[PDB]
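Asks: Mind having a look at this structure? Questions to follow.
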Amino acid sequence: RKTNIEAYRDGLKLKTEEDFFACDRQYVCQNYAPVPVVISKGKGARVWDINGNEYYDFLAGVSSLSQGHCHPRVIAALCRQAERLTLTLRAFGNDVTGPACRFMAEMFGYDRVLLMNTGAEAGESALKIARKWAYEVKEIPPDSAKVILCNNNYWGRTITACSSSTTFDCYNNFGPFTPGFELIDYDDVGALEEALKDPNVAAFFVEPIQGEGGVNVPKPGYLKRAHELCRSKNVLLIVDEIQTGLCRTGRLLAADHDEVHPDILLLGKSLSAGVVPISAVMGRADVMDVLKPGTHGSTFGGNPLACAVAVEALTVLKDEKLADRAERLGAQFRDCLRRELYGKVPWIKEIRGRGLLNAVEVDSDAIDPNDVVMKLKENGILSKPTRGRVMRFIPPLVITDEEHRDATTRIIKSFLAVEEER
Amino acid sequence: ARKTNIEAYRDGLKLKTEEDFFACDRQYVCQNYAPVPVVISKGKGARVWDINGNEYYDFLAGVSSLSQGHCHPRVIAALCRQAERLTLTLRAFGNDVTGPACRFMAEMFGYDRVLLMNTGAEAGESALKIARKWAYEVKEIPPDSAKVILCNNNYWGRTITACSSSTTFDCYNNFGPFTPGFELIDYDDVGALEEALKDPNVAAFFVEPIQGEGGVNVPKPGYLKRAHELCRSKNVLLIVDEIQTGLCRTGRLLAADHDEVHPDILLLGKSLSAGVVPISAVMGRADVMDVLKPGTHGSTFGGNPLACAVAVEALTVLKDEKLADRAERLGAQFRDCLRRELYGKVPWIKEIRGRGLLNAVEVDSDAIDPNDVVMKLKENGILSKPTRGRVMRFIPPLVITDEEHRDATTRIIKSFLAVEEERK
Ligand SMILES: C=C(CCC(=O)O)/N=C/c1c(COP(=O)(O)O)cnc(C)c1O
Ligand SMILES: C=C(CCC(=O)O)/N=C/c1c(COP(=O)(O)O)cnc(C)c1O
């Protein structure tokens with residue numbers, strides 16, 4: 001029995017990928033670049049296009065699909081809960097939202113969980129919490145709160161996010177901007193210490209590995225050292241684990257690699273296994289409780305459907321031991337790429353990452369990075385770079401041993417064929 | 001039926017009573033909402049049930065997110081069917097749903113370009129970005145000088161930039177420093193608008209056809225019609241927020257249709273998904289929308305195929321079930337009856353107001369405790385949540401049947417009269 005999208009789409013008589021591309025240019029706000037594929041279905045680490053070609057998905061929603069496409073447990077949890085109750089608002093109680101927050105609070109070790117919808121909203125929320133806490137508990141002067149963040153950060157596309165970006169296309173022509181941000185180099189403890197001299201600082205807002213910035217892995221101890229500096233000044237450490245969290249780097253949180261318990265933790269993306277948007281902000285009671293009744297809200301935040309989904313998605317990460325999976329396969333991946341590609345392929349600048357969050361930065365003055373992207377696709381690997389030159393390898397963590405060996409060999413083959421063609 | 005996971009995790013916690021749940025929420029959930037009166041376990045259509053099997057009519061409906069009713073079978077079927085196939089690709093890859101869904105909405109609402117985001121706040125943020133970038137690039141106003149006019153008591157969400165353009169104390173207090181670039185004028189005041197529009201740095205006027213969270217404030221006839229002519233006169237964009245008013249709630253497809261206004265930029269949300277998953281939209285002509293070039297905006301989940309499949313079903317339900325006609329007809333009956341039976345008899349009613357099935361009864365909180373009205377309503381089978389303490393809201397699913405609406409209207413009228421009896 002055809003649902004409305006199916007019947008409608010049928011009537012458009014779209015046969016080729018080009019037919020779909022034309023439909024984007026005509027009707028879809030054109031804020032994303034052209035795409036090389038029209039995906040129709042996904043299962044685990046694999047997707048298929050409209051012509052039945054199979055690929056490994058090496059983007060995975062930039063770590064939103066860690067549990068794989070269409071994970072049966074998560075889809076069942078979705079459909080069962082959807083037959084019962086999807087939305088009450090937080091104006092009314094329900095039998096799911098609190099149990100879901102207790103589940104998360106225990107899993108991550110926080111007193112209070114705020115559920116929002118997108119990663120941007122989690123960042124907005126955290127900044128609001130840190131500002132209000134700074135005014136109310138730190139007693140900094142009215143409208144003086146500052147938040148330190150890093151160059152090449154990414155946390156979203158709200159105006160306030162654009163206001164704290166150093167990426168030209170993120171901010172250009174979108175001002176005037178929200179004040180109150182101090183930008184410093186990533187991976188630079190000395191710069192953080194200098195900025196922490198300002199007593200009106202509320203928080204330092206950081207990624208454990210910069211995501212959209214290029215899979216920038218900081219030096220050993222960066223985050224550990226930053227937390228001590230912040231504690232010294234009674235400044236909150238807000239750690240954005242939207243992309244790095246949830247087993248992706250080989251630990252439950254990327255912050256775990258430094259034994260850092262964030263003062264405020266952000267999650268999103270794979271919190272729902274890519275099924276529906278749900279994000280979370282977690283913290284100790286004497287920070288989070290500054291959000292009194294009426295001072296924050298969201299129509300869909302903490303809706304029971306997304307809660308049911310998230311509990312199942314997080315349980316899958318545990319049950320399937322996906323952190324161990326990510327540690328093991330990712331160390332193998334980087335070891336194979338280094339052995340077969342360094343030396344042999346001179347236009348590779350770096351192979352880096354943790355767990356299954358991996359990147360290969362190329363030198364865009366020695367090669368066209370897009371040739372690498374297209375060659376990957378020809379070998380069945382779908383992959384989207386960041387900043388042009390940073391190739392990304394972010395597969396679902398459920399990828400099997402056999403599938404990962406196959407994908408690894410396809411990836412190596414692609415880089416070597418580009419070098420041969422150069 | 002076999003237990004669900006979440007039923008067994010929760011059954012593991014031994015939560016039996018509504019108070020066990022209230023405690024759980026107090027301990028683990030960020031405490032940014034008021035205490036709740038009820039623990040809902042199931043919804044179907046206009047009805048919800050608490051964990052004790054008590055039935056109520058849902059007269060909040062997600063503040064008009066559940067116009068198609070709780071658990072609409074078509075919408076749930078479309079969700080589950082698409083979810084078995086594909087949920088997310090990002091807009092970094094193509095898929096076989098997002099484009100067709102945007103074409104579907106483009107044709108339904110009469111726009112060149114559709115931008116899909118996730119929440120109403122994100123739709124507002126996106127619209128403000130589009131308008132500013134358009135002002136800089138097309139009107140060539142000076143850098144960082146773009147202004148946006150909004151109205152006192154507006155509500156568009158909870159981002160910092162939304163807090164920065166709010167006149168509601170709890171929405172902004174201690175969340176600054178604030179995003180600049182806003183001019184706040186009285187709602188429902190064409191003269192104030194005309195004056196604000198003299199400033200050539202204005203990019204847009206951003207307005208609700210009926211203020212939602214501000215208290216179901218219905219403007220005077222022709223307000224929006226007059227406001228658009230003023231903005232066009234000045235090449236200023238009219239951004240109309242229909243996240244709460246749109247989608248049949250006021251008796252027309254868009255509340256702007258009461259004034260025959262086609263917004264320069266339209267925002268939808270809430271019932272765009274029948275309350276099933278968060279999806280919002282921003283729609284506009286090509287020469288405005290196309291300022292958002294590749295890399296200049298984005299969203300992980302915006303336009304995901306699951307949400308698109310749900311939205312197309314949700315929008316089709318509105319048409320097939322003639323829910324605008326139903327809202328028009330039942331709404332008019334609701335306001336007629338409440339006025340006939342309550343005005344005069346109940347001196348602490350200030351006003352009964354609305355359009356379609358977006359209705360409010362503002363009470364005098366110096367003369368009555370408005371929470372007594374909320375509790376009495378609940379005792380009589382009606383779940384409602386006020387805005388601004390004193391503004392009672394009646395916002396049922398538009399699928400409420402003729403008999404259900406009769407029964408509910410009776411229970412509502414009964415509750416106001418019982419509160420007045422008790423005052424006496
Ligand atoms: C991959 C993305 C964006 C994808 C896209 O916009 O196509 N990352 C989003 C992100 C965000 C924003 O999340 P969103 O609003 O996209 O849910 C926050 N924090 C971190 C560390 C992030 O990496
Ligand atoms: C009912 C609400 C908020 C409910 C809540 O936060 O509990 N309205 C949200 C809203 C919004 C924000 O939508 P949200 O971010 O909550 O999806 C935008 N525009 C209008 C006219 C709106 O009424």
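We name chains A, B, ... following the order of the structure tokens; residues begin at 1 in each chain, and ligands are numbered from 1 as shown.
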Would you kindly return, as a PDB file with N, CA and C atoms, in the first residue's frame, each protein, DNA or RNA residue with an atom no farther than 12 Å from any atom of residue 301 in chain A, considering only C-alpha atoms and excluding same-chain residues fewer than 5 positions away?

Replies:
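Result went into out21.pdb, see below:
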ATOM      1  N   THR A  86       3.526   9.967  20.523  1.00  0.00           N
ATOM      2  CA  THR A  86       4.719  10.599  20.007  1.00  0.00           C
ATOM      3  C   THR A  86       5.050  11.946  20.657  1.00  0.00           C
ATOM      4  N   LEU A  87       4.035  12.709  21.055  1.00  0.00           N
ATOM      5  CA  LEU A  87       4.223  14.067  21.570  1.00  0.00           C
ATOM      6  C   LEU A  87       3.191  14.425  22.621  1.00  0.00           C
ATOM      7  N   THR A  88       3.662  14.949  23.752  1.00  0.00           N
ATOM      8  CA  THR A  88       2.835  15.539  24.742  1.00  0.00           C
ATOM      9  C   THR A  88       3.132  17.012  24.985  1.00  0.00           C
ATOM     10  N   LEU A  89       4.337  17.460  24.594  1.00  0.00           N
ATOM     11  CA  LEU A  89       5.046  18.625  25.174  1.00  0.00           C
ATOM     12  C   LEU A  89       5.518  18.323  26.587  1.00  0.00           C
ATOM     13  N   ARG A  90       6.496  19.097  27.037  1.00  0.00           N
ATOM     14  CA  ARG A  90       6.877  19.044  28.442  1.00  0.00           C
ATOM     15  C   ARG A  90       5.917  19.805  29.359  1.00  0.00           C
ATOM     16  N   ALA A  91       4.867  20.439  28.788  1.00  0.00           N
ATOM     17  CA  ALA A  91       3.738  20.951  29.524  1.00  0.00           C
ATOM     18  C   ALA A  91       2.938  19.908  30.209  1.00  0.00           C
ATOM     19  N   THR A  97       9.699  10.196  29.011  1.00  0.00           N
ATOM     20  CA  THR A  97      10.733  11.231  29.023  1.00  0.00           C
ATOM     21  C   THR A  97      11.601  11.122  30.270  1.00  0.00           C
ATOM     22  N   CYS A 101      15.583  10.116  30.490  1.00  0.00           N
ATOM     23  CA  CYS A 101      16.594  10.968  31.075  1.00  0.00           C
ATOM     24  C   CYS A 101      17.320  10.255  32.219  1.00  0.00           C
ATOM     25  N   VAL A 113      19.509  16.061  32.765  1.00  0.00           N
ATOM     26  CA  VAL A 113      19.584  15.917  31.302  1.00  0.00           C
ATOM     27  C   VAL A 113      18.557  16.879  30.675  1.00  0.00           C
ATOM     28  N   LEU A 114      19.019  17.748  29.763  1.00  0.00           N
ATOM     29  CA  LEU A 114      18.146  18.560  28.936  1.00  0.00           C
ATOM     30  C   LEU A 114      18.121  17.994  27.538  1.00  0.00           C
ATOM     31  N   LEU A 115      16.915  17.656  27.043  1.00  0.00           N
ATOM     32  CA  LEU A 115      16.791  17.063  25.711  1.00  0.00           C
ATOM     33  C   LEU A 115      16.281  18.124  24.767  1.00  0.00           C
ATOM     34  N   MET A 116      17.045  18.322  23.737  1.00  0.00           N
ATOM     35  CA  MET A 116      16.675  19.241  22.660  1.00  0.00           C
ATOM     36  C   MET A 116      16.625  18.464  21.357  1.00  0.00           C
ATOM     37  N   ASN A 117      16.641  19.129  20.176  1.00  0.00           N
ATOM     38  CA  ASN A 117      16.376  18.394  18.953  1.00  0.00           C
ATOM     39  C   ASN A 117      17.607  18.284  18.083  1.00  0.00           C
ATOM     40  N   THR A 118      18.296  19.365  17.864  1.00  0.00           N
ATOM     41  CA  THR A 118      19.456  19.346  16.986  1.00  0.00           C
ATOM     42  C   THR A 118      20.758  19.683  17.768  1.00  0.00           C
ATOM     43  N   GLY A 119      21.880  19.453  17.110  1.00  0.00           N
ATOM     44  CA  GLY A 119      23.186  19.796  17.726  1.00  0.00           C
ATOM     45  C   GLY A 119      23.311  21.280  17.972  1.00  0.00           C
ATOM     46  N   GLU A 121      20.881  23.331  18.630  1.00  0.00           N
ATOM     47  CA  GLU A 121      20.090  23.666  19.768  1.00  0.00           C
ATOM     48  C   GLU A 121      20.789  23.260  21.102  1.00  0.00           C
ATOM     49  N   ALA A 122      21.502  22.150  21.074  1.00  0.00           N
ATOM     50  CA  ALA A 122      22.262  21.723  22.280  1.00  0.00           C
ATOM     51  C   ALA A 122      23.334  22.782  22.588  1.00  0.00           C
ATOM     52  N   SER A 125      21.705  25.932  23.942  1.00  0.00           N
ATOM     53  CA  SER A 125      21.237  25.668  25.295  1.00  0.00           C
ATOM     54  C   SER A 125      22.370  25.737  26.306  1.00  0.00           C
ATOM     55  N   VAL A 276      15.838  10.045  14.089  1.00  0.00           N
ATOM     56  CA  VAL A 276      15.095  11.278  14.327  1.00  0.00           C
ATOM     57  C   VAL A 276      16.038  12.246  15.055  1.00  0.00           C
ATOM     58  N   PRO A 277      15.849  13.549  14.902  1.00  0.00           N
ATOM     59  CA  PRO A 277      16.748  14.466  15.605  1.00  0.00           C
ATOM     60  C   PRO A 277      16.482  14.551  17.114  1.00  0.00           C
ATOM     61  N   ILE A 278      17.465  14.184  17.919  1.00  0.00           N
ATOM     62  CA  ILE A 278      17.418  14.393  19.386  1.00  0.00           C
ATOM     63  C   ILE A 278      18.798  14.683  19.842  1.00  0.00           C
ATOM     64  N   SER A 279      18.938  15.675  20.715  1.00  0.00           N
ATOM     65  CA  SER A 279      20.244  16.101  21.214  1.00  0.00           C
ATOM     66  C   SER A 279      20.108  16.208  22.721  1.00  0.00           C
ATOM     67  N   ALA A 280      21.236  16.302  23.425  1.00  0.00           N
ATOM     68  CA  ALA A 280      21.190  16.314  24.890  1.00  0.00           C
ATOM     69  C   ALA A 280      22.262  17.218  25.403  1.00  0.00           C
ATOM     70  N   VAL A 281      21.927  17.896  26.488  1.00  0.00           N
ATOM     71  CA  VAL A 281      22.867  18.742  27.267  1.00  0.00           C
ATOM     72  C   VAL A 281      22.803  18.209  28.675  1.00  0.00           C
ATOM     73  N   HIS A 296      13.486  28.436  29.433  1.00  0.00           N
ATOM     74  CA  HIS A 296      13.964  27.689  28.249  1.00  0.00           C
ATOM     75  C   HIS A 296      12.850  26.725  27.860  1.00  0.00           C
ATOM     76  N   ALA A 306      11.215  10.189  20.281  1.00  0.00           N
ATOM     77  CA  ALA A 306      12.651  10.348  20.184  1.00  0.00           C
ATOM     78  C   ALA A 306      13.285   9.764  21.417  1.00  0.00           C
ATOM     79  N   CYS A 307      12.674   9.904  22.583  1.00  0.00           N
ATOM     80  CA  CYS A 307      13.209   9.258  23.804  1.00  0.00           C
ATOM     81  C   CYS A 307      13.307   7.747  23.650  1.00  0.00           C
TER      82      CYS A 307
ATOM     83  N   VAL B  29      15.503  15.146  35.064  1.00  0.00           N
ATOM     84  CA  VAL B  29      15.167  15.959  33.902  1.00  0.00           C
ATOM     85  C   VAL B  29      15.476  17.412  34.236  1.00  0.00           C
ATOM     86  N   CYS B  30      16.152  18.132  33.329  1.00  0.00           N
ATOM     87  CA  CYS B  30      16.431  19.542  33.535  1.00  0.00           C
ATOM     88  C   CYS B  30      15.113  20.227  33.873  1.00  0.00           C
ATOM     89  N   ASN B  32      13.296  22.878  33.640  1.00  0.00           N
ATOM     90  CA  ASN B  32      12.925  24.118  32.953  1.00  0.00           C
ATOM     91  C   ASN B  32      11.471  24.176  32.504  1.00  0.00           C
ATOM     92  N   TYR B  33      10.621  23.252  32.981  1.00  0.00           N
ATOM     93  CA  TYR B  33       9.181  23.300  32.817  1.00  0.00           C
ATOM     94  C   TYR B  33       8.505  23.152  34.159  1.00  0.00           C
ATOM     95  N   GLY B  62      -0.001  19.850  21.499  1.00  0.00           N
ATOM     96  CA  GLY B  62       1.384  20.217  21.114  1.00  0.00           C
ATOM     97  C   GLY B  62       1.441  21.701  20.737  1.00  0.00           C
ATOM     98  N   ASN B 118      14.653  21.593  11.216  1.00  0.00           N
ATOM     99  CA  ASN B 118      14.075  20.644  12.153  1.00  0.00           C
ATOM    100  C   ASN B 118      13.065  21.243  13.098  1.00  0.00           C
ATOM    101  N   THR B 119      13.352  22.421  13.649  1.00  0.00           N
ATOM    102  CA  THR B 119      12.463  22.968  14.658  1.00  0.00           C
ATOM    103  C   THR B 119      11.976  24.353  14.190  1.00  0.00           C
ATOM    104  N   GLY B 120      10.973  24.853  14.868  1.00  0.00           N
ATOM    105  CA  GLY B 120      10.464  26.210  14.568  1.00  0.00           C
ATOM    106  C   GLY B 120      11.533  27.270  14.805  1.00  0.00           C
ATOM    107  N   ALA B 121      12.318  27.099  15.874  1.00  0.00           N
ATOM    108  CA  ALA B 121      13.381  28.070  16.168  1.00  0.00           C
ATOM    109  C   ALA B 121      14.384  28.101  15.010  1.00  0.00           C
ATOM    110  N   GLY B 157      10.938  30.990  19.420  1.00  0.00           N
ATOM    111  CA  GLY B 157      11.864  29.953  19.898  1.00  0.00           C
ATOM    112  C   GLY B 157      12.816  30.433  20.945  1.00  0.00           C
ATOM    113  N   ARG B 158      13.832  29.606  21.174  1.00  0.00           N
ATOM    114  CA  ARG B 158      14.666  29.713  22.378  1.00  0.00           C
ATOM    115  C   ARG B 158      16.146  29.794  22.126  1.00  0.00           C
ATOM    116  N   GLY B 275       3.092  16.071  14.463  1.00  0.00           N
ATOM    117  CA  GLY B 275       3.642  15.891  15.769  1.00  0.00           C
ATOM    118  C   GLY B 275       4.461  14.602  15.980  1.00  0.00           C
ATOM    119  N   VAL B 277       7.627  13.802  14.268  1.00  0.00           N
ATOM    120  CA  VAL B 277       9.065  14.039  14.324  1.00  0.00           C
ATOM    121  C   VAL B 277       9.280  15.541  14.006  1.00  0.00           C
ATOM    122  N   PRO B 278      10.405  16.112  14.453  1.00  0.00           N
ATOM    123  CA  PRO B 278      10.532  17.560  14.237  1.00  0.00           C
ATOM    124  C   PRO B 278      10.946  17.865  12.788  1.00  0.00           C
TER     125      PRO B 278
END

Asks: According to DSSP computed on the backbone, where in range 74-195 of chain A is there alpha helix (DSSP H)? Give the residues as JSON, numbers by chain.

Replies: {"A": [74, 75, 76, 77, 78, 79, 80, 81, 82, 97, 98, 99, 100, 101, 102, 103, 104, 105, 106, 107, 108, 119, 120, 121, 122, 123, 124, 125, 126, 127, 128, 129, 130, 131, 132, 133, 159, 160, 161, 162, 168, 169, 170, 171, 189, 190, 191, 192, 193, 194, 195]}

Asks: For CA of residue 358 in chain A and CA of residue 263 in chain A, determine how far apart the two atoms are, in Å to one decimal place.

Replies: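 Between these atoms lies a distance of 26.6 Å.
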
Asks: Which chains and residue numbers are within 7 Å of ligand 1, counting only C-alpha atoms and all ligand atoms, if I want them as an mmCIF file with C-alpha atoms, in the first residue's frame?

Replies:
data_model
loop_
_atom_site.group_PDB
_atom_site.id
_atom_site.type_symbol
_atom_site.label_atom_id
_atom_site.label_comp_id
_atom_site.auth_asym_id
_atom_site.auth_seq_id
_atom_site.Cartn_x
_atom_site.Cartn_y
_atom_site.Cartn_z
ATOM 1 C CA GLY A 61 25.689 11.275 8.711
ATOM 2 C CA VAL A 62 29.088 12.502 9.917
ATOM 3 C CA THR A 118 19.456 19.346 16.986
ATOM 4 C CA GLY A 119 23.186 19.796 17.726
ATOM 5 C CA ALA A 120 22.853 23.542 17.207
ATOM 6 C CA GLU A 121 20.090 23.666 19.768
ATOM 7 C CA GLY A 123 25.012 24.318 21.788
ATOM 8 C CA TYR A 154 31.720 24.037 14.266
ATOM 9 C CA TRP A 155 28.583 23.797 16.403
ATOM 10 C CA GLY A 156 25.801 24.747 14.073
ATOM 11 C CA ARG A 157 24.134 27.289 11.871
ATOM 12 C CA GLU A 207 35.517 19.736 20.583
ATOM 13 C CA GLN A 210 37.535 19.100 15.762
ATOM 14 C CA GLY A 211 34.986 17.567 13.402
ATOM 15 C CA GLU A 212 34.064 19.785 10.455
ATOM 16 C CA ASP A 240 30.863 19.092 22.361
ATOM 17 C CA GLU A 241 30.623 15.344 21.757
ATOM 18 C CA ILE A 242 27.937 15.650 19.052
ATOM 19 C CA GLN A 243 30.325 14.218 16.437
ATOM 20 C CA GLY A 268 23.406 14.455 19.309
ATOM 21 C CA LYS A 269 23.715 12.696 15.998
ATOM 22 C CA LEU B 90 22.604 14.200 4.874
ATOM 23 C CA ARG B 91 22.188 16.720 2.098
ATOM 24 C CA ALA B 92 25.849 15.920 1.328
ATOM 25 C CA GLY B 298 23.302 23.564 6.649
ATOM 26 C CA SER B 299 21.762 21.129 9.187
ATOM 27 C CA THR B 300 22.519 17.470 9.920
ATOM 28 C CA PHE B 301 18.920 16.308 10.079
#

Asks: Among the residues of range 149-269 of chain B, find those DSSP assigns to strand (DSSP E or B) from the backbone and print them as a PyMOL selection string.

Replies: chain B and resi 149-151+182-185+202-207+211+217+237-241+265-268

Asks: Identify every residue of chain B that has at least one atom within 6 Å of any atom of chain A, counting only C-alpha atoms, and report the result as a VMD selection string.

Replies: chain B and resid 24 to 25 28 to 30 32 to 34 36 38 to 43 62 71 78 80 84 to 87 90 93 to 96 99 to 100 102 to 103 113 to 115 125 129 132 to 133 144 159 170 to 171 174 to 179 276 292 to 294 296 to 297 309 312 to 313

Asks: Can you spit out the residues from that selection as a PDB file, in the first residue's frame, using C-alpha atoms?

Replies:
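The resulting file, result06.pdb, is shown below:
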ATOM      1  CA  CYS B  24      11.656  10.684  38.339  1.00  0.00           C
ATOM      2  CA  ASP B  25      11.169  13.807  36.258  1.00  0.00           C
ATOM      3  CA  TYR B  28      16.826  13.517  36.251  1.00  0.00           C
ATOM      4  CA  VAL B  29      15.167  15.959  33.902  1.00  0.00           C
ATOM      5  CA  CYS B  30      16.431  19.542  33.535  1.00  0.00           C
ATOM      6  CA  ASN B  32      12.925  24.118  32.953  1.00  0.00           C
ATOM      7  CA  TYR B  33       9.181  23.300  32.817  1.00  0.00           C
ATOM      8  CA  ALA B  34       6.579  23.698  35.479  1.00  0.00           C
ATOM      9  CA  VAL B  36       2.798  18.704  35.356  1.00  0.00           C
ATOM     10  CA  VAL B  38      -0.790  14.210  34.487  1.00  0.00           C
ATOM     11  CA  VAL B  39       1.158  11.265  33.166  1.00  0.00           C
ATOM     12  CA  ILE B  40       0.047  10.495  29.647  1.00  0.00           C
ATOM     13  CA  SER B  41       0.710   6.993  28.240  1.00  0.00           C
ATOM     14  CA  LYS B  42      -1.345   6.869  25.028  1.00  0.00           C
ATOM     15  CA  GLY B  43      -2.902   9.136  22.503  1.00  0.00           C
ATOM     16  CA  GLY B  62       1.384  20.217  21.114  1.00  0.00           C
ATOM     17  CA  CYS B  71      -1.114   8.479  16.326  1.00  0.00           C
ATOM     18  CA  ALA B  78       4.312   6.358   6.338  1.00  0.00           C
ATOM     19  CA  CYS B  80       7.342   3.001   9.598  1.00  0.00           C
ATOM     20  CA  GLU B  84      12.514   0.431   7.130  1.00  0.00           C
ATOM     21  CA  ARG B  85      14.171   1.780   3.998  1.00  0.00           C
ATOM     22  CA  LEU B  86      16.215   4.870   4.748  1.00  0.00           C
ATOM     23  CA  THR B  87      16.247   7.634   7.358  1.00  0.00           C
ATOM     24  CA  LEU B  90      22.604  14.200   4.874  1.00  0.00           C
ATOM     25  CA  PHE B  93      24.391  12.925  -0.657  1.00  0.00           C
ATOM     26  CA  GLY B  94      21.266  12.742  -2.794  1.00  0.00           C
ATOM     27  CA  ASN B  95      18.278  10.617  -1.994  1.00  0.00           C
ATOM     28  CA  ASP B  96      14.933   9.653  -3.658  1.00  0.00           C
ATOM     29  CA  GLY B  99      13.548  16.648  -3.601  1.00  0.00           C
ATOM     30  CA  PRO B 100      10.113  15.238  -4.364  1.00  0.00           C
ATOM     31  CA  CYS B 102      10.199  19.851  -1.432  1.00  0.00           C
ATOM     32  CA  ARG B 103       8.449  19.917  -4.844  1.00  0.00           C
ATOM     33  CA  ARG B 113      12.291  27.140  -3.061  1.00  0.00           C
ATOM     34  CA  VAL B 114      11.844  25.105   0.089  1.00  0.00           C
ATOM     35  CA  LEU B 115      14.428  24.907   2.898  1.00  0.00           C
ATOM     36  CA  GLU B 125      16.935  31.558  12.479  1.00  0.00           C
ATOM     37  CA  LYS B 129      19.829  34.778   7.920  1.00  0.00           C
ATOM     38  CA  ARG B 132      19.980  39.690   6.189  1.00  0.00           C
ATOM     39  CA  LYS B 133      22.109  38.156   3.408  1.00  0.00           C
ATOM     40  CA  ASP B 144      26.284  44.844   9.600  1.00  0.00           C
ATOM     41  CA  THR B 159      17.940  30.317  20.619  1.00  0.00           C
ATOM     42  CA  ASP B 170      11.971  35.076  31.460  1.00  0.00           C
ATOM     43  CA  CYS B 171      12.840  34.421  27.802  1.00  0.00           C
ATOM     44  CA  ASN B 174      20.557  36.689  32.060  1.00  0.00           C
ATOM     45  CA  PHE B 175      21.105  35.147  28.606  1.00  0.00           C
ATOM     46  CA  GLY B 176      22.957  38.178  27.070  1.00  0.00           C
ATOM     47  CA  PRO B 177      24.862  39.787  25.622  1.00  0.00           C
ATOM     48  CA  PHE B 178      22.273  39.942  22.909  1.00  0.00           C
ATOM     49  CA  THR B 179      22.300  39.761  19.129  1.00  0.00           C
ATOM     50  CA  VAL B 276       5.528  12.716  14.928  1.00  0.00           C
ATOM     51  CA  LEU B 292      21.845  30.795   0.534  1.00  0.00           C
ATOM     52  CA  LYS B 293      24.654  29.394  -1.581  1.00  0.00           C
ATOM     53  CA  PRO B 294      26.460  26.065  -1.006  1.00  0.00           C
ATOM     54  CA  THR B 296      26.495  29.113   3.682  1.00  0.00           C
ATOM     55  CA  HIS B 297      23.867  27.142   5.655  1.00  0.00           C
ATOM     56  CA  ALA B 309       7.879  11.077   4.084  1.00  0.00           C
ATOM     57  CA  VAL B 312       4.023  14.661   2.896  1.00  0.00           C
ATOM     58  CA  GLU B 313       1.531  12.291   4.617  1.00  0.00           C
TER      59      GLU B 313
END

Asks: In Å to one decimal, how far is CA of residue 330 in chain A from CA of residue 417 in chain A?

Replies: 22.7 Å

Asks: Can you list, as a VMD selection string, every protein, DNA or RNA residue that comes within 9 Å of residue 59 in chain B when you count only C-alpha atoms, leaving out same-chain residues fewer than 2 positions away?

Replies: chain B and resid 46 56 to 57 61 to 63 382 to 385 393 to 397

Asks: Measuring atom to atom with only C-alpha atoms and all ligand atoms, identify which of B:218, B:240, B:48, B:332 is nearest to ligand 2.

Replies: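 When distances to ligand 2 are compared using only C-alpha atoms and all ligand atoms, the smallest one comes from B:240.
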
Asks: Between CA of residue 260 in chain A and CA of residue 327 in chain A, what distance in Å does the model show, to one decimal?

Replies: 18.5 Å

Asks: With distances taken over only C-alpha atoms, which residue among B:350, B:51, B:399, B:338 lies nearest residue 417 in chain B?

Replies: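 Residue with the minimum atom-to-atom distance to residue 417 in chain B: B:338.
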
Asks: Using only C-alpha atoms, pick whichever of B:314, B:207, B:392, B:342 has the shortest atom-to-atom distance to residue 270 in chain B.

Replies: B:314

Asks: Can you pull out every residue within 10 Å of residue 256 in chain B, counting only C-alpha atoms, but drop anything in the same chain fewer than 6 positions away, and send it as a ChimeraX atom specification?

Replies: /B:208-210,224-225,240-242,245-246,250,262-263,266

Asks: Taking into account only C-alpha atoms and all ligand atoms, which residue in the set B:380, B:54, B:164, B:211 is nearest to ligand 2?

Replies: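 The shortest atom-to-atom distance to ligand 2 comes from B:211.
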
Asks: As a list in words, please: the residues near residue 319 in chain A (cut-off 12 Å, only C-alpha atoms, same-chain neighbours under 5 positions excluded).

Replies: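 The residues satisfying every condition are residues 67, 73, 247, 312, 313, 314, 324, 325 and 398 of chain A.
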
Asks: Save the residues we just selected, C-alpha atoms, as a PDB file, in the first residue's frame?

Replies:
ATOM      1  CA  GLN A  67      24.488   1.869  14.644  1.00  0.00           C
ATOM      2  CA  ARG A  73      16.016  -2.837  17.040  1.00  0.00           C
ATOM      3  CA  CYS A 247      31.777   5.099  20.785  1.00  0.00           C
ATOM      4  CA  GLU A 312      17.292   1.794  22.120  1.00  0.00           C
ATOM      5  CA  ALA A 313      20.089   3.479  20.062  1.00  0.00           C
ATOM      6  CA  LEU A 314      22.271   3.927  23.143  1.00  0.00           C
ATOM      7  CA  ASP A 324      35.674  -1.935  21.155  1.00  0.00           C
ATOM      8  CA  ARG A 325      34.746  -2.392  17.529  1.00  0.00           C
ATOM      9  CA  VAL A 398      28.562  -1.953  12.925  1.00  0.00           C
TER      10      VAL A 398
END
